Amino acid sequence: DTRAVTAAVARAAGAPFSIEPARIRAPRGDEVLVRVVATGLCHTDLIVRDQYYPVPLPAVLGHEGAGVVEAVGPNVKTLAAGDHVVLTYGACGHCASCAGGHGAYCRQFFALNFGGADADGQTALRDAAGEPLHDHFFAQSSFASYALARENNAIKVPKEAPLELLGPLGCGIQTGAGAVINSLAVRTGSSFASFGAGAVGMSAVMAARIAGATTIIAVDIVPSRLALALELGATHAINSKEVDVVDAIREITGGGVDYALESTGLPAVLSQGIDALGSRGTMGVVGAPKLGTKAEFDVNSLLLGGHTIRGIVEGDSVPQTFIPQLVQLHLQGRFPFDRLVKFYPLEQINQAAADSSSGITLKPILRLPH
């Protein structure tokens, strides 16, 4: 019982996406088949398209999907046709990390999210000529009008929420907001600095406001992002080309910030931000540089300051509870991540990729045809 889809396909390293007819098989096991309404586009999709992470091509990418369950496998227990879902990253659900509530550190994370196929090497998508299309990208491959996900990464959300907006809660927004709320455990009355005011950093700024922080510092080089950060809840905005960011943060906070989040991936920014921590302060790291990149820290500064540096994957959340919390906060007017979004038709995916790379659009969302 296969069915026709329209998909954006990456066929060559660094080449534009092609919009193509394809076919997807029926769900098996505890998979759900999702009619995809809209999917966020991320720099991470483009990094895979460029083969810096060489997921085998031709491939259907996309890892910020939102849609409606159309069919369920025989093992699905908790989703039903008609449910609205946000598609998040894959996890195995049975390893020690998954079992402890930390699926972000699943032993099988890279196989399930970057493998290009299921554990048997099979794909669920075929192209117009019947050839396999590498898929299972973040256990969803949601750059297509239909997607398969496992029940545990298809997150039910209230039907009254505006579904086409919600796909980026499956990755980038959960990463920034979860880094603040869960990993760093930012709380009432603390100071927080976001190094980077892209979609992840803005999500962190907004999350720190929700969590009760009284000083919320956005650091970037783009004046319009700094202006937007102030509108989204930051108390201070620092242009790092114009001041010494370490000295500036020390002035604002009286000696250094309680919590910081590095989302640029630039090791010089990371090394500098660690110096901006205050007594017992904690830097969380979510931006990834090229493999092999090192950062340095001053040992005595870390020691005498009681400083912490912590790596964070995907916001280290429990998505099935955390994504609906973010939806509710948004519905309450407390989490305006719609301000990060521009919508595009799937057909315009290459323009959205360009706008993502140029920074003109913090979070493109592609609307799928049906």
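All residue numbers refer to positions in the sequence shown, first residue = 1.
Chemist: Between 306 to 314 and 22 to 30, which has the larger average Cα B-factor in the PDB entry?
Modeler: So the stretch with the higher mean C-alpha B-factor is 22 to 30.
Chemist: Please work out which of 151 to 159 and 75 to 83 has the higher mean CA B-factor as recorded in the PDB entry.
Modeler: It is 75 to 83 that shows the higher mean C-alpha B-factor.
Chemist: When you compare the CA B-factors of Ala268, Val205, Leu165, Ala91 as listed in the entry, which one comes out on top?
Modeler: Checking the PDB record, the top C-alpha B-factor among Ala268, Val205, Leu165, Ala91 is at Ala268.
Chemist: Sorting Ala260, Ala199, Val222, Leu232 by Cα temperature factor from the record, which one lands on top?
Modeler: Highest C-alpha B-factor among the listed options: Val222.
Chemist: Would you check the entry's CA temperature factor for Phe343 and let me know if it's in the chain's lowest, middle or highest third?
Modeler: Its C-alpha B-factor belongs to the middle third of this chain's values.
Chemist: Among all modelled residues of this chain, ranked by Cα B factor, put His63 in the bottom, middle or top third, i.e. lowest, middle or highest.
Modeler: Lowest third, going by the recorded CA B-factors of the chain.
Chemist: Which third, lowest, middle or highest, does the C-alpha temperature factor of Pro56 belong to within its own chain?
Modeler: As the PDB entry reports it, the C-alpha B-factor of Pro56 lands in the highest third of its chain.
Chemist: Compare the C-alpha B factor of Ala288 with those of the other modelled residues in its chain, then answer lowest, middle or highest third.
Modeler: Highest third of the chain for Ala288's C-alpha B-factor.
Chemist: Place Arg280 in the lowest, middle or highest third of its chain's C-alpha B-factors, as listed in the PDB entry.
Modeler: Ranked within chain, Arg280 CA B lands in the lowest tercile.
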